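Peer 1: Can you keep this structure in mind? I'll have questions shortly.
Number of protein chains: 4
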Amino acid sequence: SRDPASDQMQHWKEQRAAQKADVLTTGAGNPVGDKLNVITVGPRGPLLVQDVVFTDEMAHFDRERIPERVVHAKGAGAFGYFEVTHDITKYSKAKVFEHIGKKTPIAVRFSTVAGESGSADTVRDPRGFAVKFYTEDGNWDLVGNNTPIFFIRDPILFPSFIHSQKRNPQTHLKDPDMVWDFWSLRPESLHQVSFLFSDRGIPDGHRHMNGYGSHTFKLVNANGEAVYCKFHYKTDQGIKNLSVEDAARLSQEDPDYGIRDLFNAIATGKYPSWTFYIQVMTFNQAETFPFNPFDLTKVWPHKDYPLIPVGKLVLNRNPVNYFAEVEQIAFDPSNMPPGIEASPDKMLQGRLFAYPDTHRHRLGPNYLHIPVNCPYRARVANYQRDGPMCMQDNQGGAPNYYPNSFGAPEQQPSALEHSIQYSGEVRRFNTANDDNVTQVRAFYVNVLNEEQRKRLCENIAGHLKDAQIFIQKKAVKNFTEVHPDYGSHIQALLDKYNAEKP
Amino acid sequence: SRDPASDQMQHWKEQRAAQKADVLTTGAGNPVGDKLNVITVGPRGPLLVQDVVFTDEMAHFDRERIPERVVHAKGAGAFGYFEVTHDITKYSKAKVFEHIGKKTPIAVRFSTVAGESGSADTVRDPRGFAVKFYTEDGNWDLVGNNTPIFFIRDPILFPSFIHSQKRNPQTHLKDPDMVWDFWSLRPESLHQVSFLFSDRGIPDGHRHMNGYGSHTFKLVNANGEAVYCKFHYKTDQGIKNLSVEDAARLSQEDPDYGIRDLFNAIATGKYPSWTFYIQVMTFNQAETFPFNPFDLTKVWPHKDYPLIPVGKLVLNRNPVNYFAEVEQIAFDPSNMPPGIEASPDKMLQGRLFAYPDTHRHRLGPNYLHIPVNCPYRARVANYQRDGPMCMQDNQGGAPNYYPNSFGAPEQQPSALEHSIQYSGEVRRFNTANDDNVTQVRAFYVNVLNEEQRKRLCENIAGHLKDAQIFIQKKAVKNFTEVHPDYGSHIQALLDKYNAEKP
Amino acid sequence: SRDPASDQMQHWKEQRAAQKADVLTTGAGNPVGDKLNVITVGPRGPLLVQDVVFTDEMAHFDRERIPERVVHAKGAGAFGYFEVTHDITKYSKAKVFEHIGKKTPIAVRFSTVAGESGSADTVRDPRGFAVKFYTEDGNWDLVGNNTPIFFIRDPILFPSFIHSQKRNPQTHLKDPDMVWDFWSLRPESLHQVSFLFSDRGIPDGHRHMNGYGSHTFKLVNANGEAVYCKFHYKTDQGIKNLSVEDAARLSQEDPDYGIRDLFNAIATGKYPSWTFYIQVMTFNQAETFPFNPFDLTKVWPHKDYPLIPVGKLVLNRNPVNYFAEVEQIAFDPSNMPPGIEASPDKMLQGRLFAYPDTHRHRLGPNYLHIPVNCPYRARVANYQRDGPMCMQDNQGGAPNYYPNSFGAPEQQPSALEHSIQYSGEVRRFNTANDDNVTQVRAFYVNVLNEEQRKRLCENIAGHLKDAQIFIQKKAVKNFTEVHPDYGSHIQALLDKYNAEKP
Amino acid sequence: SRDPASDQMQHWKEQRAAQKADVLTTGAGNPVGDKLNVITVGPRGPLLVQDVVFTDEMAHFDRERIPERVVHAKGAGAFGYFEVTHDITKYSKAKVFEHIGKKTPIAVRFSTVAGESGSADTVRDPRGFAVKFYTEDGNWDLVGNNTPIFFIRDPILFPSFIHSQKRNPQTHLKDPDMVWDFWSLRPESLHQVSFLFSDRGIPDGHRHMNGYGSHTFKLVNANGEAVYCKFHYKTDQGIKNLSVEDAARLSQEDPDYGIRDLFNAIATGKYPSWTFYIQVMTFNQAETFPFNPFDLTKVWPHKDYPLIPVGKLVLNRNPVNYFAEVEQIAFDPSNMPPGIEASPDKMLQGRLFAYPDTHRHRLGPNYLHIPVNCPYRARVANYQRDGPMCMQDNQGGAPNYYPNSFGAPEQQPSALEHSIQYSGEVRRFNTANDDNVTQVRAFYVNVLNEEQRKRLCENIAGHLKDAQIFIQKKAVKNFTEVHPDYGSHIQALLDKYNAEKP
């Protein structure tokens with residue numbers, strides 16, 4: 004007997020036990036006489052079109068692949084639940100938080116950002132940590148990262164950032180000129196680059212990392228009073244990281260290290276959990292916060308904004324079929340039940356558009372009817388009809404226009420959004436030159452010890468050495484602005500690497 | 004109170020009765036506060052992206068349309084059952100025919116050929132009569148016409164024939180030059196052109212027409228003995244046709260006459276039925292038949308091949324949602340359970356390829372999981388996986404390769420096809436100059452009376468008058484070959500029409 | 004010799020003249036030996052898969068259809084040019100208007116709203132009049148109607164409105180209960196319903212109707228000063244309408260009357276033109292306008308806002324292939340060159356999202372590379388890459404991220420949009436009960452004469468008679484509010500029709 | 004200065020030189036004022052829908068990914084030419100071979116089989132070597148492997164084989180139980196498994212490997228006389244292989260080793276070439292060949308069937324954009340000009356169906372209009388029309404039906420295929436138990452030396468150790484049948500590995 008992942012098929016055979024083999028059928032349920040040989044004109048003659056068994060099977064095989072996710076392509080999934088452990092009903096009317104001990108089913112997908120489908124798990128990258136909550140007020144998708152921040156603060160740059168992080172358009176190779184030209188020109192990236200190149204850039208599987216909502220959200224209570232919040236989900240298995248050397252070894256030996264680790268943990272009963280916290284900031288505190296509190300390159304310091312415990316995420320179930328439950332899952336940040344709303348974080352606003360949009364491409368217009376995406380603890384009743392691969396009854400003969408005088412679904416006034424006044428011109432405002440160094444300096448100095456600063460600078464120099472000198476110089480300039488020692492230590496290591504380079 | 008079709012919504016309201024209106028939700032089940040107004044910056048300001056209710060709804064609306072069927076676009080559907088009334092188990096082992104009184108659920112779609120989605124029902128055209136039988140040996144699709152024959156005997160010409168029957172590629176108009184140039188050059192069309200331009204070219208709705216399989220099929224019994232057959236399903240409501248004048252009036256007043264007539268009949272309990280017959284021909288009779296018995300331009304005369312009664316089709320149920328059940332239905336002639344097989348009819352062989360192929364385009368690779376297409380009285384178990392819009396469980400964790408040593412589905416030797424030896428070179432054989440007049444002459448002379456011959460010639464001349472003279476001459480030449488009176492009477496009427504034309 | 008439309012193929016043959024027939028090829032350019040017969044095992048044997056000529060052709064035929072447009076499905080197209088005839092450079096910096104005599108190529112598509120692909124042209128409906136201007140500042144799409152107004156003033160209701168105007172979801176029939184329930188509940192529709200049921204509801208082909216932008220747009224001049232405007236394009240062939248009786252006759256005799264009329268006019272040199280006008284309103288006038296000047300249910304009265312002449316549209320070219328140039332054309336109201344901008348018309352704002360969104364579905368992500376959609380008088384240079392059916396060079400090896408230090412395209416500050424301040428809360432504002440009768444009354448009383456009022460009431464009653472009584476009563480109530488005579492005359496005719504109804 | 008691949012962007016900048024930066028535009032060519040910041044209601048307010056620059060860019064980014072190839076996903080491409088160096092016109096009338104010195108442009112894609120898009124190049128796998136020849140008789144696609152044989156001899160098993168070679172459906176991991184269960188049950192795999200696990204299983208980049216057509220093809224000369232042939236294209240850079248240890252190191256250090264190696268070779272002028280040979284067998288020799296000569300698990304021994312030189316493939320051009328030219332390229336084995344035909348190799352027959360079928364999914368129905376797929380040295384003239392993303396003119400107003408009397412393209416009798424008679428029943432014939440060991444034994448004994456046999460057995464045992472014991476036993480049984488030493492040496496190493504396993 005091996006690890007549970009290696010025994011997948013043996014275990015499936017054993018559950019079947021004395022049951023006779025099912026009859027092998029075509030797509031349309033017609034029994035198949037022989038699926039080992041094709042129909043031919045005698046033993047050395049050509050193939051006949053009336054071999055429809057062959058064509059049915061081959062045509063399906065031809066269309067097995069769907070587009071990979073534009074980002075976060077390489078993933079591992081699991082199911083379990085969220086349990087409420089404290090009352091936060093003062094902050095939010097959301098039914099997910101309604102009373103202590105209320106259990107909500109969840110789906111999670113862990114992912115890297117830049118690697119395509121086949122790529123190694125144990126590489127330096129931000130990790131996605133997406134959580135779908137199947138609530139009675141429909142699904143809530145909290146589509147998180149393993150970092151509280153991101154590289155950019157304006158959503159128009161996200162395609163550019165991803166292009167720089169992927170392959171050269173001509174050579175189809177990873178290109179450090181591209182990666183570091185983009186970062187050196189966008190120094191709002193310094194904060195997330197510092198975290199990325201620290202130890203937690205390569206977690207030891209998905210079980211040993213935190214997740215964050217990263218954005219500011221707005222919570223609204225039953226009285227219509229609003230606060231801003233951050234979501235944090237801190238690992239109960241404890242933070243653990245791979246060394247660069249072990250990460251490299253695993254990249255070759257086990258490209259799917261993350262998938263295997265998580266599948267095995269759940270199959271052997273070692274159920275990974277995370278404690279779900281909020282930080283809360285009031286609307287008055289948001290006016291007086293030294294930075295933009297909706298700036299995705301900034302954290303809220305813990306002293307001023309302590310973590311308020313809410314609940315626990317537990318993963319206790321493996322996906323039965325990976326394609327059905329993990330390839331096809333779709334998380335939309337716009338799927339927010341009443342009591343949770345978008346802040347004016349520019350980056351979050353961009354994400355409200357982008358995700359349904361890509362889901363309709365990658366999966367299809369009716370992707371929300373795919374069972375993993377279905378809000379199966381709500382009744383969906385609306386005026387949407389038709390579209391390819393329309394499943395169930397398409398809401399039967401119900402009137403398909405609103406308003407109507409025929410008792411078809413009605414809007415629910417309690418579900419109406421929180422109202423705010425905003426001051427200023429409707430125009431494009433420049434954020435680039437915000438305050439991109441202050442909190443990065445706090446991280447370098449007050450969070451990292453001396454050993455960690457040394458590895459941070461060795462990890463940066465090891466990547467940045469492959470850029471052209473003019474890029475290296477602009478990169479080092481930005482690191483210098485964070486802290487003289489940060490810049491100088493990077494420059495020192497680059498001088499060594501550029502001298503060894505013939 | 005009006006006809007049942009006009010009272011669709013009132014009846015739906017009444018069934019709901021005292022029930023409170025459902026809550027109006029987004030696609031993801033989140034309740035909607037207000038779906039009458041969009042979120043704006045003050046009363047005369049611009050629209051916000053965080054209006055996701057608006058974007059969810061609009062984006063769905065944008066993708067409501069799917070490709071129309073390449074042919075047979077305009078359709079009406081119904082459900083009911085097939086009941087066996089006689090034993091034909093001597094001819095076929097098919098479970099659909101297994102014992103007297105065995106009921107099988109059916110789905111039917113009636114259609115014209117050339118009209119696009121919006122077009123009028125009451126036009127001169129062949130009518131489709133497609134029947135899906137949901138058997139325990141999977142679905143059987145008998146994809147029939149309202150005529151026993153077709154215009155062509157080789158499947159390579161089918162796209163050409165349809166192009167000639169549709170719109171000019173530049174003008175986007177119906178083009179009689181195109182229609183009649185194609186027919187005048189392909190005189191195998193004479194038989195189906197004669198039927199088309201007779202009275203039964205415009206049936207009085209779908210209830211007053213026969214359906215035919217048209218092709219020769221091969222029936223195989225439990226001993227492995229094969230016969231050839233034709234399927235006929237003769238209307239129990241009796242044949243009835245619209246006059247050209249009434250057809251024209253209805254085309255303007257009620258473009259959806261066929262849909263309305265059938266929906267109303269079923270809603271008022273007047274359940275239309277058809278008696279299902281076979282003609283049988285043995286393999287020896289097929290050797291000695293004066294024509295090719297697999298020639299789709301030929302009938303089997305009733306004296307030599309009498310109709311053997313089998314069962315009854317009854318339509319007793321309206322579709323609940325037209326898009327779900329009629330737009331999305333897909334019939335594949337290749338879906339044949341054991342005991343029914345393809346003959347070597349060249350046209351049928353072509354159809355075994357074409358239909359799954361177009362279904363994967365029009366609907367999607369997993370179109371057989373759409374509930375109307377699902378073989379819900381069989382267990383589907385196979386090695387097909389994934390593909391966009393994968394529904395249910397994708398067969399769970401079952402081994403996905405065959406052969407395997409893990410008890411995954413097994414081929415069933417009893418379902419193996421009937422074996423035949425064929426003599427000759429593998430090459431392209433010319434059929435054009437077969438015997439394209441003999442059975443047409445039998446129809447003109449022995450089936451039609453004098454009144455019917457006169458209308459046939461008036462109906463042809465009325466269409467053919469719009470072709471160029473050289474086309475008219477080649478058309479009349481082919482009609483002359485059927486019978487001198489056929490050609491002469493057409494020429495006479497054309498001379499009148501061409502003189503009135505300035 | 005017939006009309007030019009009827010002689011399409013003869014003319015094509017004649018242009019070819021002495022040229023030998025091209026060689027018939029597969030999709031991949033391989034010459035075809037015989038495309039009249041399929042490869043079979045002897046003359047009465049089955050079809051072989053190695054007949055790839057057959058499968059290549061059939062598979063293409065299977066995928067000929069694309070989704071029809073969700074609205075405006077049935078269309079006729081033409082090409083020509085726009086010529087500037089007056090200086091409006093004081094109002095707009097747009098290069099389309101740059102100097103007198105400047106010619107810009109155009110594409111136009113005329114359409115009904117509700118009819119599907121096959122449907123009759125000569126029916127009562129609003130007509131689309133879409134104009135694509137191929138300018139040197141890229142394409143400008145002015146996607147107009149044959150009416151200055153529309154039925155609704157908030158874009159969230161557009162899917163609902165279209166559903167009510169199309170087929171019942173169960174019966175698949177047109178449903179007057181649906182049509183009039185929606186209008187009776189949304190009395191902002193009264194203005195467009197009055198125009199629709201007047202004489203200009205059924206124009207005599209596309210040449211005898213006006214087009215309007217309908218929305219308020221914002222013009223910006225080279226000094227950065229903004230005005231609001233309306234676009235009007237008035238027919239130079241003069242307004243002409245079909246009677247209800249002639250419309251009905253043509254619906255049966257010539258379903259494609261509009262397509263034929265326009266194709267023939269252009270082929271015989273009778274080039275239809277429209278005079279292109281603007282109305283201008285200043286930002287101060289917009290503050291003091293008695294209604295919302297961005298309300299799509301309102302006109303700007305001509306006395307207060309006179310038509311300023313700008314140029315002339317001339318259509319002088321037929322599409323060479325209808326599918327290439329008319330089915331595949333895509334117009335995006337968001338395609339506005341510098342100097343033309345969106346107003347805060349809520350309906351226009353909705354349209355900025357919806358059209359690219361549906362185009363990516365109907366045509367594909369790279370639909371702007373389809374030659375009719377290509378901005379062929381601009382160089383397209385951007386950071387967009389890949390996507391299915393990527394044509395040309397995908398911008399070669401150019402850096403694909405922005406900002407970059409490698410001389411890839413740069414933003415152009417002169418193209419930056421006009422800035423405005425807006426006052427108010429970000430919330431959903433109710434518009435329903437605006438002023439929905441005042442301008443309708445002006446139309447009924449001051450524009451229509453007595454004969455026209457009588458036909459208006461006969462046309463309404465003739466449609467509305469088929470609704471249930473409670474709907475009829477709410478409809479008449481809203482007409483009464485416009486004018487007592489309007490309501491009373493409709494009620495009188497309904498009493499007659501409801502008495503004749505058994 | 005680095006390798007040319009690393010200097011891609013610097014070289015692109017330098018070619019541009021003094022040229023001013025292009026203007027950054029939308030998709031529709033409208034100039035962009037600012038693409039660094041989004042439009043917001045004041046500096047901390049929400050995002051507006053009228054930011055169409057943002058939505059245009061984001062929506063495109065959302066749809067960048069297309070489905071990866073179902074097999075051979077990970078690829079490197081290049082262009083160059085084929086030159087004829089000897090006369091083979093006695094064997095084939097194909098215009099590619101027409102006279103000595105005739106140059107034909109080519110496109111090549113090298114690939115692994117099982118790895119997805121992101122995966123490492125330097126892994127043990129068969130390599131694809133696909134060649135598209137752009138001839139004047141259209142494109143010829145010779146879609147080859149780096150081995151003369153394959154694992155299976157019947158095309159119905161190809162989906163099963165690929166499933167076993169890819170990821171477990173539940174765990175999404177590579178599964179040795181799956182790999183070796185399939186091979187141990189299908190011992191026709193022994194020949195290709197022996198080659199795969201020898202040294203040439205991991206070539207040193209794409210330049211140091213042979214390509215083979217693998218199938219028997221049929222050549223037809225101008226007199227209509229047919230022979231059978233194999234195509235071989237032997238590397239002129241010489242065979243060179245990576246050790247298992249170096250392959251593992253490169254898999255981690257340079258996942259894209261193959262892409263980089265080939266791009267650099269071509270950019271530095273070191274143009275890789277292959278000598279193109281045929282083996283010829285006459286129809287009489289095919290009757291007397293000891294095996295099935297159309298059996299894809301068999302070679303033709305070189306003594307009996309010597310290599311006849313034909314020409315040279317030279318690769319001298321890098322793709323300008325990888326997505327345009329390598330992701331979107333499509334090779335169809337069915338694209339054969341006159342003079343080259345399919346043999347009755349069952350596996351080739353299957354491939355005639357599968358490839359166009361998958362191309363229409365992965366790329367689109369009009370994928371042959373993508374410039375890399377376009378047969379640009381032939382005029383394509385046919386009756387195919389429409390389909391999504393129809394480019395060029397859709398063949399203008401040419402008649403779209405055949406036959407016609409309007410001078411539209413005509414079939415070319417010289418292009419008609421070679422005719423053969425075949426003897427036997429049309430049924431499913433069992434091939435499994437053919438002669439699966441004889442030629443494998445010849446390879447083990449006569450081709451491999453002692454060192455190579457030892458590595459072969461170490462390479463097999465190193466993979467097969469991870470299977471369950473019952474699979475290991477059935478695998479070893481099949482290896483024993485090839486040669487007692489083959490089986491015994493594998494069993495010995497497995498006993499060592501299974502003892503170390505706790």
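Residue numbers (full-length UniProt numbering), protein chains in the order written: chain A, 4 to 505; chain B, 4 to 505; chain C, 4 to 505; chain D, 4 to 505.
Note that beta-carbon positions come from the ideal geometry of N, C-alpha and C, so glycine has one too.
Relative to chain B, which residues along the stretch 44-74 of chain D have a C-beta separation below 7 Å, given in chain order?
Peer 2: Residues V44, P49, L50, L51, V52, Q53.
Peer 1: Does the count of Cβ pairs from the stretch 193-213 of chain B and the stretch 250-270 of chain B closer than 8 Å reach three?
Peer 2: Contact between the stretch 193-213 of chain B and the stretch 250-270 of chain B is present, because at least three Cβ pairs lie under 8 Å.
Peer 1: Can you give, in chain order, each stretch of the alpha helix (DSSP H) that sits fully within the stretch 243-297 of chain A and has at least 4 residues?
Peer 2: You should have 247-256, 260-270, 286-291.
Peer 1: For the alpha helix (DSSP H) that contains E503(D), what are its first and last residues?
Peer 2: 487-503 is the span of the alpha helix (DSSP H), which, as asked, contains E503(D).
Peer 1: Can you tell which of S408(D), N436(D), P172(D), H364(D) has the C-alpha that lies nearest to the C-alpha of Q13(C)?
Peer 2: When only C-alpha atoms are compared, the closest one is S408(D).
Peer 1: I need the DSSP call for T107(D), collapsed to helix, strand or coil.
Peer 2: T107(D) falls in the strand class under three-state DSSP.
Peer 1: Spell out whether any CB of chain C is found under 8 Å from the CB atom of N33(D).
Peer 2: By this cut-off, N33(D) is an interface position.
Peer 1: Taking its Cβ as the centre, do 16 or more other Cβ atoms sit within 10 Å of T291(C), making it buried, or is it exposed?
Peer 2: It counts as exposed.
Peer 1: Please state whether the Cβ-Cβ distance between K349(B) and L188(C) is less than 8 Å.
Peer 2: No.
Peer 1: So is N369(A) buried or exposed if we call it buried at 16+ other beta carbons inside 10 Å?
Peer 2: Looking at its Cβ environment, which holds 16 or more other Cβ atoms inside 10 Å, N369(A) is buried.
Peer 1: Applying the criterion that 16 or more other CB atoms from any shown protein chain within 10 Å of the CB defines a buried residue, is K480(C) buried or exposed?
Peer 2: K480(C) is exposed by the Cβ-count criterion.
Peer 1: Give me the residue from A97(D), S120(D), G204(D) with the minimum Cα distance to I463(D).
Peer 2: Checking every option, the nearest Cα to that of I463(D) belongs to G204(D).
Peer 1: Please list the partners that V429(B) has in chain D, where partner means a Cβ-to-Cβ separation under 8 Å.
Peer 2: Neighbours of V429(B) on chain D, chain order: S422, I423, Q424, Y425.
Peer 1: Between the stretch 173-190 of chain A and the stretch 87-106 of chain A, can you find at least three pairs of beta-carbon atoms closer than 8 Å?
Peer 2: The answer is no - the stretch 173-190 of chain A does not touch the stretch 87-106 of chain A, with fewer than three Cβ pairs under 8 Å.
Peer 1: On the DSSP bridge list, what partners appear for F482(D)?
Peer 2: Answer is none; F482(D) lacks a bridge partner.
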